[PDB]
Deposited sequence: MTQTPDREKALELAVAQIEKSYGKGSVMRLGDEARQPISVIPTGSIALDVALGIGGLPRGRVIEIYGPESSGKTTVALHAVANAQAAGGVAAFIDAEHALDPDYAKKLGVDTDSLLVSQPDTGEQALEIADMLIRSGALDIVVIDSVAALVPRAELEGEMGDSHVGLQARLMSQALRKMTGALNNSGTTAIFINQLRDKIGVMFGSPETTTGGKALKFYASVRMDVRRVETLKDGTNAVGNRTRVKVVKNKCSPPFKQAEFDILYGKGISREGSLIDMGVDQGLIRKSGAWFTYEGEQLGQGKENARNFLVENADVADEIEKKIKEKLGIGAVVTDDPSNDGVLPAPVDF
């Protein structure tokens, strides 16, 4: 009665004092921004609330080796470019596969890449790149690889990388908000020297393999699962699942089906997926195949899922 106002008044003070998203009810609707960076899965886009990754923000994506985290980041890179943006890849790992990147949709030719000498240089170069104003996205691969110059010069010992990140991030956060650039930090499972990244990041994503998809004895890629453990732009703790196919990446068509049935926009009478009276396919694969062959209906289904949600 008289509490609902005192609560709303307190929530408003918190919002004004520390910014939007400082407090949220988990049932709240996502507040929709002008532009986001789609992730490649509509499922993940919905779990993120705002339909993609936020701009001008620190994003962390973490998981075990060979989990899908990079693939997810490369899809962000592909989508940012497809919207006419520029991308940079700060590489301290040296594992990137550009052919794979190509098949996801990355314009590798125009992808700025840097292979820095030290952890500080990696972040400095990231910073100069961001302050330009010309960059839509920058991926850092990865936190664990940002080894301190001192350590690489064989020279203080404990906490130097953690201090290197904290400092870098303090400066970088402003540059990002001002520039509108998204910075994805990839991280192996304070897991890496990213005790600080945990607090600077506006989105944190936990990526994992759930089960290997099969096509006989030799299968195909994996069913991936992402939890949005931190989300300052929409209520957190949302999970999403989607498929990553070896050589292809995230099955956009697969996420449309799943979320299609989830929303009742697609009906599954037996093994037959149907859409607005028409049949899509028998079994998931045929329905998936039907959607790549007919991009018109795929976009049709995508348009309908977005409307129903945001």
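- Counting the deposited sequence from 1, the stretches lacking C-alpha coordinates are 1-4, 160-162, 197-208, 330-350.
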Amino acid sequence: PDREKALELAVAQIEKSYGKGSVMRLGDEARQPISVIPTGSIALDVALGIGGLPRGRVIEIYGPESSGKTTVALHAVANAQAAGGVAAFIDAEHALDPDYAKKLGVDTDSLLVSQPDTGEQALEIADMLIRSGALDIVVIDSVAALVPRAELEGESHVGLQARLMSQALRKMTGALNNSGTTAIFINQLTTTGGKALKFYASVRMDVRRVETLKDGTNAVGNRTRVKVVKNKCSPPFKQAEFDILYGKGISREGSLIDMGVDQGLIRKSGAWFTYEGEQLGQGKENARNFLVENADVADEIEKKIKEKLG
From here on, numbers count along this sequence of modelled residues.
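In this text, the rigid core denotes the largest set of C-alpha atoms whose superposition between the two forms falls within 1.5 Å.
- Taken in 9 other deposited structures of this protein and fitted on the core, 208-216 and 95-103 differ in how far their Cα atoms move from the shown form, and the one that moves more is 208-216.
- Of the other compared PDB entries of this protein that include residues on both sides, at least a third leave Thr190 without atoms.
- Judged by the one-third criterion across other entries of this protein, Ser156, though modelled here, is missing from at least a third of those that model both its neighbours.
- The PDB entry reports B-factors from which the mean C-alpha value can be compared for 47-55 and 259-267; the larger average falls on 259-267.
- Per the PDB record, of the two stretches 159-167 and 82-90, 159-167 carries the greater mean B-factor over its C-alpha atoms.
- As recorded in the entry, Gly277 carries the highest CA temperature factor of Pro38, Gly247, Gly27, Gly277.
- Highest C-alpha temperature factor among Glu60, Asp243, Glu285, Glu65 per the entry: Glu285.
- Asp109: CA B factor lies in the middle third for its chain, per the PDB record.
- Sorting the modelled residues of the chain by their CA temperature factor places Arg131 in the middle third.
- Sorting the modelled residues of the chain by their CA temperature factor places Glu124 in the lowest third.
- Ranked by Cα temperature factor within the chain, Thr70 sits in the lowest third according to the deposited record.
- In this PDB entry, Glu151 carries a Cα temperature factor that places it within the middle third of its chain's modelled residues.
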